[PDB]
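We count ligands from 1, going down the list as the structure has it; atoms in each ligand are counted the same way. Along the sequence shown, residues are numbered consecutively beginning with 1. Atoms considered below: every heavy atom in the structure, side chains included; atoms not considered: hydrogens, waters and symmetry mates.
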Amino acid sequence: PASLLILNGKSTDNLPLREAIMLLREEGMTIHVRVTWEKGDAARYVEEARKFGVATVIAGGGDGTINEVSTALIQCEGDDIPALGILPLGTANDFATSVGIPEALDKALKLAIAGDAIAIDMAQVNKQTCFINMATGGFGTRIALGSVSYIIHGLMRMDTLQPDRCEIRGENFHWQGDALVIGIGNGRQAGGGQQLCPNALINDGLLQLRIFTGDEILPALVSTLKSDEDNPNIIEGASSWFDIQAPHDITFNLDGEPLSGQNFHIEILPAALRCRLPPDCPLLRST
Ligand SMILES: [Mg+2]
């Protein structure tokens, strides 16, 4: 079936992508390519996708583009809403990796056009911003050892990071104390390979919570985020909602977009969006 590929500003000179798209066009497939320039554009092209009667709107880009498209799709009122497909055309591609999208773009394209579509959750913060992958929160200022800088810059989108007090409540969950990193996940992975929520499933109606207590980012935290480390200094929960509050501003990075304040209500939007996913998809619950 026909698709509309929503491409980023950083994709218009990807020759392999062009080659792949072009090779699939000359196989009988209808594939519209639209390029975004500013926010609001994905929305505009999502609705043009509708007018065409298209079956998949394909986010070609980073976790940001996927979130722009996803957010636009869930806002659609009506009957014939396109499934979400995903091309891994970002720098980090955390969500795409974690849901098993193939690196081979012809394959990823084909998945995105002809895969099975399944309803997945999204999440919303403060009845406003939505996210499909991960919300990471910490206390710091907005943006020697590279392991550590990578976390503060890439994962947290900050220049500084310090622990501070907060309280967090959710179903079966109540905690107060100093936290260095808060991970609230629909997906499992953020900031280029950091495993914030190893146990996340994207269609269980449930957000994973992990609170990393600390002092600073130590080999502890770098270790525990890369591969798997089983660690007592990590507090875990699972809830359809989490409330977070703090005497000083916490900064949440929601699929790459910052938000600050003393109070956050984060809540699952159950089965909000159909996404084209491989059958083995590690983040879908067993059936
Ligand atoms: Mg879940």
Side-chain angles (χ1 to χ4, degrees), residues 59 62-64 66-71 73-75 83-86 92-101 115-137 155 168-175 179 181-212 224-225 228-231 234-244 252-257 259 264-287:
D63 306 87
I66 290 151
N67 211 54
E68 283 167 20
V69 184
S70 294
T71 292
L73 285 169
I74 67 169
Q75 294 210 320
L84 167 68
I86 304 188
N93 304 301
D94 280 302
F95 188 71
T97 291
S98 81
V99 299
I101 261 91
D116 293 328
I118 179 154
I120 68 173
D121 303 330
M122 273 187 57
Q124 183 173 39
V125 180
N126 290 3
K127 259 92 206 182
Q128 277 157 147
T129 321
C130 301
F131 71 90
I132 196 154
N133 189 32
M134 175 81 58
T136 59
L155 181 70
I168 300 175
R169 287 204 78 130
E171 284 156 355
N172 304 310
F173 189 85
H174 186 20
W175 181 87
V181 180
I182 291 147
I184 288 159
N186 191 34
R188 151 194 90 189
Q189 208 161 285
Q194 317 296 184
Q195 291 282 301
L196 284 153
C197 298
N199 266 359
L201 293 168
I202 57 178
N203 68 333
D204 63 347
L206 299 160
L207 284 165
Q208 303 303 121
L209 168 67
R210 302 223 296 175
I211 311 167
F212 302 78
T224 197
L225 284 176
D228 144 59
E229 287 282 340
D230 169 59
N231 179 183
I234 305 168
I235 289 112
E236 7 157 61
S239 177
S240 65
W241 62 275
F242 286 111
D243 285 346
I244 302 100
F252 271 96
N253 168 70
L254 312 177
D255 291 343
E257 197 95 33
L259 188 56
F264 291 88
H265 175 88
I266 315 187
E267 185 170 299
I268 207 74
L269 303 175
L273 173 108
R274 291 158 64 256
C275 185
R276 294 199 190 284
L277 295 177
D280 76 62
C281 189
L283 301 200
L284 290 175
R285 64 185 191 185
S286 302
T287 60

*Is the side chain of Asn203 donor-acceptor paired with the backbone N or O of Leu284 at a distance under 3.5 Å, no angle test?*
no
*Classify the ring geometry between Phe242 and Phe173 as parallel (under 30°), tilted (30 to 60°) or perpendicular (over 60°).*
perpendicular
*asked:* Under 2.8 Å from the Mg ion (ligand 1), is there any N, O or S atom belonging to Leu201?
replied: yes
_the Mg ion (ligand 1) reached by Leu206 (N, O or S, under 2.8 Å)_ = yes
*Check whether any side-chain heavy atom of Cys130 lies under 4.5 Å from a side-chain heavy atom of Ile74, and answer yes or no.*
yes
_Using a 3.5 Å distance criterion without hydrogens, assess whether the side chain of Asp255 forms a donor-acceptor pair with backbone atoms of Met134._
yes
*Taking the Mg ion (ligand 1) as the reference point, name the nearest N/O/S atom of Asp204.*
OD1
